[PDB]
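If you want the building blocks of each chain, they are given just below.
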Amino acid sequence: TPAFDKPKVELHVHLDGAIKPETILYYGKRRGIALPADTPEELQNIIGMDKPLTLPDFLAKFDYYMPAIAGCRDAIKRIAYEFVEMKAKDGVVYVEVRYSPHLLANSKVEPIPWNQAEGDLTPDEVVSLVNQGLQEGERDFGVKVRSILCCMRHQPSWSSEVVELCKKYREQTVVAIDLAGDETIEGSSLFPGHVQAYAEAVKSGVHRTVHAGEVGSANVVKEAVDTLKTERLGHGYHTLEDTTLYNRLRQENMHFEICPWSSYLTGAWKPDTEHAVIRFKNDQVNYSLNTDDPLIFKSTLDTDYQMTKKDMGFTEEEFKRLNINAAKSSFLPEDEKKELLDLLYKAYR
Ligand SMILES: NC(=O)c1cn([C@@H](CO)CCn2ccc3ccc(NC(=O)NCc4ccccc4)cc32)cn1
Ligand SMILES: [Zn+2]
């Protein structure tokens, strides 16, 4: 089946969205939380979706499961490990995984997320754990994994912690800072907390990417580029609204992290229209193919090499164009990006 049986690069996938039903059932059972169901396969079909939903409809999915993972040191380290394992199945050679350390903790964070009482798991040692399982999976599974820490739009207060986390843990996997989600809250991009944390990123040489243009206007993409100084765009679909900002990102050539299957189950793209990616194809844009959230969207990388091969005419030459672009625009040190380019060029010819 797989549309592309070659190795892949993936840049845009969220850790708290690539958990296996099994492990949630497992920690929820052995901590008390009680899911909506007790078998592995009926949790999936109510925690995963298959028709566009709404934000609210969408954020409840996390309130099923996140209480049974957060908090527990053991779980935090497990999902990282198991994340690397399931990516190897996808045929990924290099993958950048993103997540918010605060949302996985139940102390030193205000407010405490998901609904949990206080404890002693702090954002700082949450990322250290994740770091562990990630490096553990890498050498157990043969997939190169780096980390991305996410700032939360609605909580500029956590932003300055994230940059520090990114700098303290640089080398230990984490390679950049991110922004999401819900980019429709007014002027979130210009939240002082956010912009000055991104300013710290630039000062300290931390790579930068931003969720922009997925469900927001072309102006959110703008302030991400000109203010937050992003090097990559998360989605960046709506920059088709402003043709001069588009031609200018053609020309700077910026990376768009496309998520095709995500964009339908969210509503970002309506079916009875261009998909933003066909245009990036025809126009030779720098872009990638990515999964976003394999748990919530019942999918694997192969569901969206498939959707593009099948409903939109991608052939395998663009498939491989797009994975060498993804490798180029990776947040990898100049030497390592170059050993990864070497592997792929030879694997593809
Ligand atoms: N798909 C995603 O955007 C997404 C975000 N996360 C995590 C972080 O790794 C954040 C979870 N989260 C907590 C508050 C919050 C607010 C908004 C969003 N997501 C968002 O607004 N996505 C756009 C969207 C619109 C409509 C439907 C579905 C998604 C995620 C949020 C996981 N998946
Ligand atoms: Zn995302």
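Residues numbered from 1 in each chain as written, not as in the entry; some residues may be left out. Chains lettered and ligands numbered in written order. Heavy atoms only, no water.

Its PDB header names X-ray crystallography as the technique used to obtain the model and reports a resolution of 2.35 Å.

## Let's talk about the site of ligand 1
Under the convention used in this document: We call a residue near a molecule or strand when any one of its heavy atoms sits within 4 Å of it. Any pair of N or O atoms that falls within 3.5 Å is considered a polar contact. Within protein, one atom must be able to donate a hydrogen and the other to accept it, and sequence-neighbouring residues count only if both atoms are side-chain atoms. To measure how exposed things are, a 1.4 Å probe is used in the Shrake-Rupley method; for residues, cover is taken only from the protein chains shown.
Lining the immediate environment of ligand 1, one finds 15 residues, of which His14, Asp16, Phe58, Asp182 and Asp293 sit closest. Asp16 has a polar side-chain atom sitting 2.8 Å from an oxygen atom of ligand 1. One of the backbone N or O atoms of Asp182 is found 2.9 Å from an oxygen atom in ligand 1. Contact with the protein chains hides 93% of the accessible area of ligand 1, taken as 640 Å² for the molecule alone.

## With respect to the coordination of the zinc ion (ligand 2)
Under the convention used in this document: Keep in mind that water is not among the atoms, so a site may look incomplete; donors are the N, O and S atoms within 2.8 Å of the metal, or 3.2 Å for Na, K and Ca. Square planar and octahedral sites, with four and six donors, are those where opposite donors lie more than 155 degrees apart and all other angles lie between 65 and 115, tetrahedral sites have four donors with every angle between 85 and 135 degrees, and the rest are irregular. Numbering of helices and strands runs from the N terminus, with a helix taken as a DSSP run of H or I at least four residues long and a strand as a DSSP run of E at least two residues long. Three exposure classes are used, based on accessible area relative to the maximum for each residue type with a 1.4 Å probe and protein chains only: buried under 20%, partly exposed in between, and exposed over 50%.
Taken together, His12 (NE2), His14 (NE2), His211 (NE2) and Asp292 (OD) make up the full set of protein donors to the zinc ion (ligand 2), lying 1.9 to 2.3 Å away. Around the zinc ion (ligand 2) sit four donor atoms, and with donor-metal-donor angles ranging over 74 to 149° the site reads as irregular. Donor residues binding the zinc ion (ligand 2) come from one chain and are separated in sequence as H-x1-H-x196-H-x80-D. In this pair, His211 sits in strand β5 (residues 207-212) while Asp292 sits in the loop between β8 (287-289) and α12 (301-312), placing the two residues 81 residues apart along the sequence. Of the residues examined, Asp292 reaches a relative accessible area of 4% and is grouped as buried.

## Thoughts on the packing of aromatic side chains
Think of a pair of aromatic rings as described by two things: how far the centres are apart, and how the planes are tilted against each other in angle. What counts, and what does not: Planes of paired rings set the category: under 30 degrees apart is stacked, over 60 is edge-to-face and the rest tilted, where pairs are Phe, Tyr or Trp rings (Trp by its six-membered ring) whose centres lie within 6.5 Å. Sitting over a ring, as applied to charges here, requires NZ of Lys or CZ of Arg to be within 6 Å of the ring centre and within 35 degrees of the ring normal.
This model, assessed by the stated rule, comprises 16 aromatic pairs. Look at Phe256 and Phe280: their rings are 4.6 Å apart centre to centre, the planes differ by 35°, and that puts the pair in the tilted class. With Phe256 in strand β7 (residues 255-258) and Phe280 in helix α11 (residues 276-282), this pair connects stretches of sequence that are 24 residues apart. On the basis of relative accessible area, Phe280 is assigned to the buried category, the value being 0%. An aromatic cluster of at least three residues, connected via ring pairs, comprises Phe4, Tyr305, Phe314, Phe319 and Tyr348. Here the basic side chain of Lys8 rests over the ring of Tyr305, its NZ or CZ set 6.0 Å away from the ring centre. Seen from the ring of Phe331, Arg232 lies directly overhead, with NZ or CZ sitting 3.7 Å from the centre.

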